[PDB]
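*Asks:* Dropping in coords28.cif, which is mmCIF, C-alpha atoms and all ligand atoms:
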data_protein
loop_
_atom_site.group_PDB
_atom_site.id
_atom_site.type_symbol
_atom_site.label_atom_id
_atom_site.label_comp_id
_atom_site.auth_asym_id
_atom_site.auth_seq_id
_atom_site.Cartn_x
_atom_site.Cartn_y
_atom_site.Cartn_z
ATOM 1 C CA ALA A 2 -19.047 10.184 15.196
ATOM 2 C CA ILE A 3 -20.896 7.316 13.407
ATOM 3 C CA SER A 4 -24.263 8.576 12.221
ATOM 4 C CA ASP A 5 -27.347 6.609 11.163
ATOM 5 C CA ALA A 6 -26.482 7.274 7.496
ATOM 6 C CA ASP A 7 -22.879 6.175 8.069
ATOM 7 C CA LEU A 8 -24.046 2.931 9.719
ATOM 8 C CA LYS A 9 -26.248 2.069 6.709
ATOM 9 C CA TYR A 10 -23.209 2.284 4.421
ATOM 10 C CA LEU A 11 -21.179 0.190 6.877
ATOM 11 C CA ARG A 12 -23.911 -2.474 6.695
ATOM 12 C CA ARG A 13 -23.481 -2.454 2.921
ATOM 13 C CA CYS A 14 -19.729 -3.049 3.495
ATOM 14 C CA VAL A 15 -20.529 -6.046 5.720
ATOM 15 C CA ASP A 16 -22.761 -7.429 2.945
ATOM 16 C CA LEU A 17 -19.873 -7.057 0.492
ATOM 17 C CA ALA A 18 -17.559 -8.847 2.960
ATOM 18 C CA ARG A 19 -20.097 -11.681 3.132
ATOM 19 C CA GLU A 20 -20.215 -11.853 -0.694
ATOM 20 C CA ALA A 21 -16.428 -12.149 -0.683
ATOM 21 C CA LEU A 22 -16.427 -14.953 1.893
ATOM 22 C CA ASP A 23 -19.136 -16.851 0.020
ATOM 23 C CA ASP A 24 -17.043 -16.597 -3.181
ATOM 24 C CA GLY A 25 -13.914 -18.033 -1.510
ATOM 25 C CA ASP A 26 -12.251 -14.656 -0.767
ATOM 26 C CA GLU A 27 -11.525 -12.887 2.535
ATOM 27 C CA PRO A 28 -14.345 -10.953 4.343
ATOM 28 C CA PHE A 29 -13.502 -7.312 3.517
ATOM 29 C CA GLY A 30 -15.890 -4.906 1.731
ATOM 30 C CA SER A 31 -15.666 -1.170 0.961
ATOM 31 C CA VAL A 32 -17.786 1.604 -0.634
ATOM 32 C CA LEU A 33 -16.864 5.057 -2.040
ATOM 33 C CA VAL A 34 -19.545 7.676 -1.534
ATOM 34 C CA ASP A 35 -19.420 11.217 -2.846
ATOM 35 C CA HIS A 36 -20.345 14.329 -0.891
ATOM 36 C CA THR A 37 -23.852 14.284 -2.472
ATOM 37 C CA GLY A 38 -24.413 10.836 -0.918
ATOM 38 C CA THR A 39 -24.169 8.919 -4.201
ATOM 39 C CA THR A 40 -22.324 5.584 -4.145
ATOM 40 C CA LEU A 41 -19.580 5.856 -6.783
ATOM 41 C CA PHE A 42 -17.795 2.483 -6.436
ATOM 42 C CA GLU A 43 -18.193 -0.703 -4.394
ATOM 43 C CA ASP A 44 -15.731 -3.578 -4.093
ATOM 44 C CA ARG A 45 -14.598 -6.483 -1.922
ATOM 45 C CA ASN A 46 -11.481 -8.577 -1.403
ATOM 46 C CA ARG A 47 -10.378 -10.685 -4.379
ATOM 47 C CA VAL A 48 -7.216 -12.410 -3.128
ATOM 48 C CA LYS A 49 -8.219 -15.956 -3.993
ATOM 49 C CA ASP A 50 -6.524 -15.870 -7.403
ATOM 50 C CA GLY A 51 -3.148 -15.464 -5.618
ATOM 51 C CA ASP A 52 -2.643 -11.651 -5.344
ATOM 52 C CA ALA A 53 -2.765 -10.834 -1.646
ATOM 53 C CA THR A 54 -2.813 -7.095 -2.577
ATOM 54 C CA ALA A 55 -6.341 -7.407 -4.022
ATOM 55 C CA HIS A 56 -7.922 -5.240 -1.335
ATOM 56 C CA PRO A 57 -11.075 -3.169 -2.052
ATOM 57 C CA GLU A 58 -9.801 0.038 -0.472
ATOM 58 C CA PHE A 59 -6.799 -0.004 -2.816
ATOM 59 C CA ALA A 60 -9.085 -0.533 -5.814
ATOM 60 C CA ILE A 61 -11.138 2.478 -4.612
ATOM 61 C CA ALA A 62 -7.989 4.665 -4.333
ATOM 62 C CA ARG A 63 -6.936 3.889 -7.915
ATOM 63 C CA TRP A 64 -10.486 4.236 -9.211
ATOM 64 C CA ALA A 65 -10.804 7.642 -7.488
ATOM 65 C CA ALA A 66 -7.458 8.815 -8.932
ATOM 66 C CA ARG A 67 -8.636 7.903 -12.437
ATOM 67 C CA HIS A 68 -12.227 9.219 -12.264
ATOM 68 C CA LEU A 69 -12.488 12.060 -9.736
ATOM 69 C CA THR A 70 -10.912 15.497 -9.543
ATOM 70 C CA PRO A 71 -8.698 16.144 -6.448
ATOM 71 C CA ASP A 72 -11.504 18.285 -5.032
ATOM 72 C CA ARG A 73 -14.121 15.534 -5.465
ATOM 73 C CA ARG A 74 -11.729 13.030 -3.893
ATOM 74 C CA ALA A 75 -11.173 15.191 -0.820
ATOM 75 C CA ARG A 76 -14.924 15.492 -0.178
ATOM 76 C CA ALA A 77 -15.714 11.790 -0.729
ATOM 77 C CA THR A 78 -16.022 9.210 2.053
ATOM 78 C CA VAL A 79 -14.662 5.660 2.043
ATOM 79 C CA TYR A 80 -16.664 3.172 4.142
ATOM 80 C CA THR A 81 -15.076 -0.154 4.971
ATOM 81 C CA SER A 82 -15.934 -3.228 7.004
ATOM 82 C CA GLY A 83 -12.402 -3.398 8.324
ATOM 83 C CA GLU A 84 -9.967 -0.539 8.931
ATOM 84 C CA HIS A 85 -7.534 0.022 6.054
ATOM 85 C CA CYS A 86 -4.319 -1.936 6.290
ATOM 86 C CA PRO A 87 -1.154 0.175 5.859
ATOM 87 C CA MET A 88 -1.062 -0.535 2.111
ATOM 88 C CA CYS A 89 -4.582 0.836 1.627
ATOM 89 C CA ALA A 90 -4.287 3.707 4.110
ATOM 90 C CA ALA A 91 -1.156 4.933 2.316
ATOM 91 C CA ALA A 92 -2.803 4.607 -1.121
ATOM 92 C CA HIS A 93 -5.851 6.529 0.151
ATOM 93 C CA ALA A 94 -3.656 9.399 1.383
ATOM 94 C CA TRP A 95 -1.429 9.396 -1.736
ATOM 95 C CA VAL A 96 -4.452 9.970 -4.017
ATOM 96 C CA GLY A 97 -5.934 12.566 -1.641
ATOM 97 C CA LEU A 98 -9.195 10.889 -0.601
ATOM 98 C CA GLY A 99 -11.084 12.199 2.396
ATOM 99 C CA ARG A 100 -12.916 10.686 5.361
ATOM 100 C CA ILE A 101 -12.717 7.021 6.292
ATOM 101 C CA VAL A 102 -15.364 5.248 8.314
ATOM 102 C CA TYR A 103 -14.715 1.665 9.444
ATOM 103 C CA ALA A 104 -16.929 -0.923 11.110
ATOM 104 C CA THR A 105 -14.099 -2.750 12.935
ATOM 105 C CA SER A 106 -10.633 -1.546 13.786
ATOM 106 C CA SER A 107 -7.365 -3.333 13.033
ATOM 107 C CA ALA A 108 -6.953 -3.445 16.826
ATOM 108 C CA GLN A 109 -10.143 -5.544 17.025
ATOM 109 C CA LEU A 110 -8.935 -7.837 14.237
ATOM 110 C CA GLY A 111 -5.467 -8.344 15.691
ATOM 111 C CA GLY A 112 -6.890 -8.985 19.162
ATOM 112 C CA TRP A 113 -9.288 -11.636 17.759
ATOM 113 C CA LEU A 114 -6.535 -13.358 15.775
ATOM 114 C CA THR A 115 -4.474 -13.777 18.978
ATOM 115 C CA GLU A 116 -7.567 -14.993 20.890
ATOM 116 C CA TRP A 117 -8.030 -17.671 18.197
ATOM 117 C CA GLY A 118 -4.366 -18.760 18.121
ATOM 118 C CA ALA A 119 -4.126 -17.554 14.512
ATOM 119 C CA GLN A 120 -0.960 -16.221 12.949
ATOM 120 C CA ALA A 121 -0.507 -12.448 12.859
ATOM 121 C CA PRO A 122 -0.782 -10.796 9.415
ATOM 122 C CA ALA A 123 2.458 -10.241 7.483
ATOM 123 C CA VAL A 124 1.762 -6.505 7.793
ATOM 124 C CA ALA A 125 1.560 -4.756 11.159
ATOM 125 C CA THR A 126 -1.967 -3.634 12.132
ATOM 126 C CA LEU A 127 -1.057 0.061 12.176
ATOM 127 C CA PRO A 128 -4.017 2.455 12.745
ATOM 128 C CA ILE A 129 -4.790 4.590 9.719
ATOM 129 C CA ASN A 130 -3.458 7.772 11.356
ATOM 130 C CA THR A 131 -0.029 6.183 12.000
ATOM 131 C CA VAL A 132 0.301 5.811 8.224
ATOM 132 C CA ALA A 133 -1.799 8.794 7.053
ATOM 133 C CA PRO A 134 -1.774 11.411 9.834
ATOM 134 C CA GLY A 135 -4.061 13.870 8.075
ATOM 135 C CA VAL A 136 -7.051 11.587 7.308
ATOM 136 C CA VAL A 137 -10.294 11.998 9.242
ATOM 137 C CA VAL A 138 -11.131 8.556 10.626
ATOM 138 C CA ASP A 139 -14.383 7.460 12.319
ATOM 139 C CA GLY A 140 -15.193 4.067 13.773
ATOM 140 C CA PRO A 141 -15.547 1.397 14.951
ATOM 141 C CA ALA A 142 -19.281 0.669 14.975
ATOM 142 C CA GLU A 143 -20.366 -1.141 18.173
ATOM 143 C CA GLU A 144 -23.496 -2.485 16.430
ATOM 144 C CA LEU A 145 -21.349 -4.472 13.949
ATOM 145 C CA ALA A 146 -18.720 -5.907 16.312
ATOM 146 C CA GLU A 147 -20.486 -9.243 16.853
ATOM 147 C CA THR A 148 -21.178 -9.722 13.129
ATOM 148 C CA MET A 149 -17.589 -9.007 12.144
ATOM 149 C CA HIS A 150 -16.160 -11.105 14.943
ATOM 150 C CA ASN A 151 -18.245 -13.978 13.568
ATOM 151 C CA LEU A 152 -17.299 -13.289 9.957
ATOM 152 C CA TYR A 153 -13.551 -13.040 10.694
ATOM 153 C CA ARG A 154 -13.713 -16.165 12.881
ATOM 154 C CA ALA A 155 -15.245 -18.092 9.963
ATOM 155 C CA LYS A 156 -12.302 -17.210 7.701
ATOM 156 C CA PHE A 157 -9.354 -16.908 10.083
ATOM 157 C CA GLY A 158 -10.321 -18.733 13.272
ATOM 158 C CA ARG A 159 -10.494 -22.357 12.139
ATOM 159 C CA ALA B 2 25.277 -5.846 4.860
ATOM 160 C CA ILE B 3 25.686 -4.362 1.347
ATOM 161 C CA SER B 4 27.929 -6.460 -0.908
ATOM 162 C CA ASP B 5 29.513 -5.296 -4.147
ATOM 163 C CA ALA B 6 26.846 -7.256 -6.006
ATOM 164 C CA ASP B 7 24.132 -5.381 -4.035
ATOM 165 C CA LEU B 8 25.750 -2.062 -5.056
ATOM 166 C CA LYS B 9 25.661 -2.980 -8.748
ATOM 167 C CA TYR B 10 21.899 -3.505 -8.477
ATOM 168 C CA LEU B 11 21.429 -0.294 -6.466
ATOM 169 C CA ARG B 12 23.349 1.601 -9.184
ATOM 170 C CA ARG B 13 20.879 0.175 -11.718
ATOM 171 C CA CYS B 14 18.061 1.500 -9.490
ATOM 172 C CA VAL B 15 19.685 4.967 -9.595
ATOM 173 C CA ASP B 16 19.811 4.712 -13.423
ATOM 174 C CA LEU B 17 16.074 3.872 -13.450
ATOM 175 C CA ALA B 18 15.341 6.788 -11.097
ATOM 176 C CA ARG B 19 17.229 9.129 -13.476
ATOM 177 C CA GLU B 20 15.223 7.686 -16.407
ATOM 178 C CA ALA B 21 12.077 8.598 -14.505
ATOM 179 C CA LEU B 22 13.341 12.128 -13.801
ATOM 180 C CA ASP B 23 14.216 12.712 -17.421
ATOM 181 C CA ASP B 24 10.724 11.498 -18.485
ATOM 182 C CA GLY B 25 8.973 13.990 -16.172
ATOM 183 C CA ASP B 26 8.305 11.456 -13.388
ATOM 184 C CA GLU B 27 9.728 11.299 -9.851
ATOM 185 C CA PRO B 28 13.222 9.761 -9.326
ATOM 186 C CA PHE B 29 12.477 6.321 -7.894
ATOM 187 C CA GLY B 30 13.663 3.058 -9.461
ATOM 188 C CA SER B 31 13.477 -0.558 -8.363
ATOM 189 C CA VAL B 32 14.720 -4.006 -9.502
ATOM 190 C CA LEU B 33 13.429 -7.502 -8.705
ATOM 191 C CA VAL B 34 16.160 -10.190 -8.693
ATOM 192 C CA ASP B 35 15.748 -13.986 -8.507
ATOM 193 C CA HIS B 36 17.731 -15.919 -5.889
ATOM 194 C CA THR B 37 19.836 -17.187 -8.826
ATOM 195 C CA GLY B 38 20.908 -13.591 -9.586
ATOM 196 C CA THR B 39 18.828 -13.083 -12.772
ATOM 197 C CA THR B 40 16.924 -9.784 -13.017
ATOM 198 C CA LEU B 41 13.213 -10.652 -13.319
ATOM 199 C CA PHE B 42 11.630 -7.211 -13.585
ATOM 200 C CA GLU B 43 12.698 -3.562 -13.428
ATOM 201 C CA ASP B 44 10.542 -0.454 -13.018
ATOM 202 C CA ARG B 45 10.450 3.229 -12.085
ATOM 203 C CA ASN B 46 7.976 5.840 -10.901
ATOM 204 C CA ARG B 47 5.152 6.645 -13.357
ATOM 205 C CA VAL B 48 3.103 9.163 -11.420
ATOM 206 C CA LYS B 49 2.972 11.955 -13.974
ATOM 207 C CA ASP B 50 -0.204 10.580 -15.596
ATOM 208 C CA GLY B 51 -2.202 11.489 -12.420
ATOM 209 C CA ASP B 52 -1.831 8.374 -10.185
ATOM 210 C CA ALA B 53 0.306 9.115 -7.134
ATOM 211 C CA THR B 54 0.346 5.342 -6.291
ATOM 212 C CA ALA B 55 2.396 4.496 -9.436
ATOM 213 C CA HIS B 56 5.442 3.413 -7.451
ATOM 214 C CA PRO B 57 7.819 0.833 -8.872
ATOM 215 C CA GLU B 58 8.038 -1.312 -5.726
ATOM 216 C CA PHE B 59 4.243 -1.724 -5.854
ATOM 217 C CA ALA B 60 4.366 -2.704 -9.529
ATOM 218 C CA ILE B 61 7.038 -5.244 -8.518
ATOM 219 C CA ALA B 62 4.821 -6.724 -5.792
ATOM 220 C CA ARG B 63 1.954 -7.208 -8.251
ATOM 221 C CA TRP B 64 4.234 -8.544 -10.966
ATOM 222 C CA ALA B 65 5.719 -11.035 -8.521
ATOM 223 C CA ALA B 66 2.322 -12.245 -7.391
ATOM 224 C CA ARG B 67 1.202 -12.748 -11.026
ATOM 225 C CA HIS B 68 4.399 -14.371 -12.383
ATOM 226 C CA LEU B 69 6.239 -16.164 -9.532
ATOM 227 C CA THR B 70 5.385 -19.030 -7.169
ATOM 228 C CA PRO B 71 5.404 -18.234 -3.409
ATOM 229 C CA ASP B 72 8.668 -20.104 -3.034
ATOM 230 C CA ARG B 73 10.362 -18.065 -5.747
ATOM 231 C CA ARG B 74 8.971 -14.829 -4.256
ATOM 232 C CA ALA B 75 10.274 -15.669 -0.799
ATOM 233 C CA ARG B 76 13.769 -16.126 -2.227
ATOM 234 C CA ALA B 77 13.818 -13.013 -4.480
ATOM 235 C CA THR B 78 15.424 -9.688 -3.549
ATOM 236 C CA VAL B 79 14.051 -6.202 -4.250
ATOM 237 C CA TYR B 80 16.535 -3.393 -4.772
ATOM 238 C CA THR B 81 15.294 0.202 -4.636
ATOM 239 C CA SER B 82 16.832 3.679 -4.904
ATOM 240 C CA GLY B 83 14.502 4.970 -2.133
ATOM 241 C CA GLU B 84 13.238 2.955 0.835
ATOM 242 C CA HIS B 85 9.694 1.648 0.301
ATOM 243 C CA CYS B 86 6.892 3.914 1.466
ATOM 244 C CA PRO B 87 4.282 2.190 3.697
ATOM 245 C CA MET B 88 2.123 1.378 0.687
ATOM 246 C CA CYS B 89 4.968 -0.489 -0.991
ATOM 247 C CA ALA B 90 6.424 -2.074 2.170
ATOM 248 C CA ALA B 91 3.008 -3.506 2.990
ATOM 249 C CA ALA B 92 2.424 -4.796 -0.559
ATOM 250 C CA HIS B 93 5.892 -6.477 -0.483
ATOM 251 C CA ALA B 94 5.004 -8.274 2.741
ATOM 252 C CA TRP B 95 1.493 -9.217 1.571
ATOM 253 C CA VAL B 96 2.862 -10.984 -1.532
ATOM 254 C CA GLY B 97 5.661 -12.616 0.530
ATOM 255 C CA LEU B 98 8.719 -11.201 -1.235
ATOM 256 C CA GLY B 99 12.115 -11.560 0.441
ATOM 257 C CA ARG B 100 14.989 -9.200 1.216
ATOM 258 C CA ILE B 101 14.865 -5.459 0.504
ATOM 259 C CA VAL B 102 17.983 -3.375 -0.130
ATOM 260 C CA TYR B 103 17.662 0.395 -0.430
ATOM 261 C CA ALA B 104 20.120 3.115 -1.452
ATOM 262 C CA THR B 105 18.586 5.971 0.609
ATOM 263 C CA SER B 106 16.220 5.849 3.562
ATOM 264 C CA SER B 107 12.857 7.563 3.644
ATOM 265 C CA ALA B 108 14.149 9.461 6.727
ATOM 266 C CA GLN B 109 16.993 10.833 4.569
ATOM 267 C CA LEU B 110 14.552 11.938 1.857
ATOM 268 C CA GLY B 111 12.149 13.425 4.436
ATOM 269 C CA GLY B 112 14.988 15.492 5.911
ATOM 270 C CA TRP B 113 16.002 16.824 2.509
ATOM 271 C CA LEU B 114 12.380 17.637 1.601
ATOM 272 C CA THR B 115 12.070 19.674 4.803
ATOM 273 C CA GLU B 116 15.279 21.591 3.941
ATOM 274 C CA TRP B 117 13.702 22.498 0.595
ATOM 275 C CA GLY B 118 10.530 23.693 2.335
ATOM 276 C CA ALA B 119 8.565 21.247 0.205
ATOM 277 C CA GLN B 120 5.004 20.028 0.797
ATOM 278 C CA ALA B 121 5.381 17.316 3.434
ATOM 279 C CA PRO B 122 3.942 13.954 2.296
ATOM 280 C CA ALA B 123 0.424 12.874 3.276
ATOM 281 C CA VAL B 124 1.980 9.481 4.061
ATOM 282 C CA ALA B 125 4.307 9.094 7.034
ATOM 283 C CA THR B 126 7.940 8.089 6.384
ATOM 284 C CA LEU B 127 7.686 4.906 8.430
ATOM 285 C CA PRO B 128 10.701 2.528 8.270
ATOM 286 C CA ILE B 129 9.930 -0.682 6.404
ATOM 287 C CA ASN B 130 10.076 -2.813 9.555
ATOM 288 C CA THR B 131 7.369 -0.710 11.301
ATOM 289 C CA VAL B 132 5.035 -1.734 8.484
ATOM 290 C CA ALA B 133 6.453 -5.192 7.613
ATOM 291 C CA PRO B 134 8.060 -6.647 10.779
ATOM 292 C CA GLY B 135 9.320 -9.876 9.197
ATOM 293 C CA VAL B 136 11.149 -8.424 6.156
ATOM 294 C CA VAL B 137 14.951 -8.504 6.044
ATOM 295 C CA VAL B 138 16.045 -4.956 5.175
ATOM 296 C CA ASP B 139 19.483 -3.584 4.347
ATOM 297 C CA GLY B 140 20.474 -0.023 3.614
ATOM 298 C CA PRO B 141 21.197 2.760 3.180
ATOM 299 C CA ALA B 142 24.259 2.701 0.913
ATOM 300 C CA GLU B 143 26.542 5.566 2.021
ATOM 301 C CA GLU B 144 28.340 5.530 -1.355
ATOM 302 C CA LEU B 145 25.130 6.523 -3.161
ATOM 303 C CA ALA B 146 23.884 9.201 -0.666
ATOM 304 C CA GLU B 147 25.264 12.206 -2.582
ATOM 305 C CA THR B 148 24.092 10.884 -5.985
ATOM 306 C CA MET B 149 20.593 10.366 -4.666
ATOM 307 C CA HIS B 150 20.557 13.751 -2.880
ATOM 308 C CA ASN B 151 21.328 15.322 -6.277
ATOM 309 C CA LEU B 152 18.574 13.390 -8.074
ATOM 310 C CA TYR B 153 16.066 14.308 -5.407
ATOM 311 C CA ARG B 154 17.209 17.950 -5.606
ATOM 312 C CA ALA B 155 16.521 17.927 -9.314
ATOM 313 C CA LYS B 156 12.862 16.991 -8.733
ATOM 314 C CA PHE B 157 12.059 18.433 -5.310
ATOM 315 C CA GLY B 158 14.605 21.243 -4.772
ATOM 316 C CA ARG B 159 13.177 24.801 -4.628
HETATM 317 ZN ZN ZN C 1 -5.476 -3.171 2.559
HETATM 318 ZN ZN ZN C 2 5.728 3.404 -2.406
#
I'd like the structure from this file rewritten - as C-alpha cells, please.
Ligand SMILES: [Zn+2]
Ligand SMILES: [Zn+2]
*Replies:*
Amino acid sequence: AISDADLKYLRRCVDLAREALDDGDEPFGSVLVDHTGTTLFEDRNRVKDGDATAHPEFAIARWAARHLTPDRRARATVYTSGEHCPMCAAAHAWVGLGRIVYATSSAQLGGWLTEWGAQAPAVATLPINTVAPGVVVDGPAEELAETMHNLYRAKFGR
Amino acid sequence: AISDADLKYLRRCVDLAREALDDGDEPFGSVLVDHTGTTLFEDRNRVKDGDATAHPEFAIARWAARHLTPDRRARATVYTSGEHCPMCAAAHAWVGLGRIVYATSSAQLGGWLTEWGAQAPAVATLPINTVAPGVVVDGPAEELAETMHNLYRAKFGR
C-alpha cells in the first residue's frame, strides 16, 4: 500500500526527525499533504522545552482544524516517521483528517525499546486503529526500518 | 475510592460542564488540584469555535507542563465530569500528572449516545488505563450518574 510517491514523503518525515534530533528534540517528523499533492504543513517534535505533548501530528491536527474545511481534511494525507501515539491518533480522528502513512509502527518502536533495555513510554503503544477505528492506515515502510532503528537508538537506546 | 472531598471537586466539574452547555459548548468540565488541596486551574469544553480537540483535560495537561515542575505534576490530581478520551488520557500521562477521578465513565456516555441514536464517535471509548497503564484512576461516582445523564441528554439527546 506504500507507493513511490508515499515513500518520498516518508523520507521527508525522516529528514524532519533528524532535524529534531540535531536540535535536541526527539526524532519524530510529520507532513500534511492535500489531495492535489501539495504539502500544506510540516513539523517535528519539540518536547525539549518541557512539554512532552509537543508532537508534530498533534500540531497538524490543530492546524488542519483551523485552516481546512472538513472536506479538505478528509481528503488530506498525514505522513509520519513514526506511527501516531494515542494522543495524536485521537486528535487526528477528532478533527476528521484522512489517511495516515507511517514509516515505522509503534510495534517496531516498542520492540526496539525492550531490546535496548529502555523504559516503556508512559503511554501504551496502541495501533492507530485501536484508537481511531475508521482511519485508513498504511505502513510501515521496509526501506526505512534500518534508518529509524538507528535514529531511535541514538535518542532512546543509550 | 471516592472521598467526600473528591465529590466536592467532581460537583465543581459538573458546574463547569453546565457552564459549557449554557455557552453552546459540550458538557465536559475538569479541575486540576495541587497535592496541598489548592485548585490550580479549571476548564471546560470549548469546541464550538470549530476545534473538536478543545477538551479541558488536554488544556490542563498543557497548563501543567507550562506552569508546574514534574514533582508538582506527579502529586496533582485531575477531576473530570467525563472520563478522559484517549487524546486526553495520553496527554495526562505524557506530562506525568497524577491521579484521575471521574464522575461518569466513557462507557456510560457511549451507552447513552447509542440509546439516542447519535453519531458514534470517531475515537474509541477506551478506558484510561488502556491508554495510560500507570495512571491511578478512580470513578465513576454513582451519586452523580443521573445528573450527568441529564446534562448529556441536554446536548446529545434526540
Ligand atoms: Zn503523539
Ligand atoms: Zn479528551
*Asks:* Just how far from atom CA of residue 118 of chain B is atom CA of residue 135 of chain A, in Å to one decimal?
*Replies:* 18.5 Å
*Asks:* Could you tell me which of B:145, B:75, B:18, B:62 comes closest to chain A if we count only C-alpha atoms?
*Replies:* B:62
*Asks:* Which residues would end up in the selection if the PyMOL selection byres (((chain B and resi 140) around 9) and not hetatm) were applied here, given that I need the answer as a list in words?
*Replies:*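 What the PyMOL selection byres (((chain B and resi 140) around 9) and not hetatm) grabs from the file is residues 2, 3, 84, 101, 102, 103, 104, 105, 106, 138, 139, 141, 142 and 143 of chain B.
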*Asks:* Mind listing as a VMD selection string which residues of chain B are within 9 Å of chain A, counting only C-alpha atoms?
*Replies:* chain B and resid 51 to 54 62 to 63 65 to 67 86 to 97 122 to 127 130 to 136
*Asks:* For the point (-15.0, -10.3, 0.4) in file coordinates, what residues are within 10 Å, counting all atoms listed in the file? Give the answer as a list in words?
*Replies:* residues 14, 15, 16, 17, 18, 19, 20, 21, 22, 23, 24, 25, 26, 27, 28, 29, 30, 31, 44, 45, 46, 47, 48, 49, 56, 57 and 82 of chain A
*Asks:* Just to confirm, what's the straight-line distance from atom CA of residue 128 of chain B to atom CA of residue 8 of chain B in Å (one decimal)?
*Replies:*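 Taking atom CA of residue 128 of chain B and atom CA of residue 8 of chain B, their separation equals 20.6 Å.
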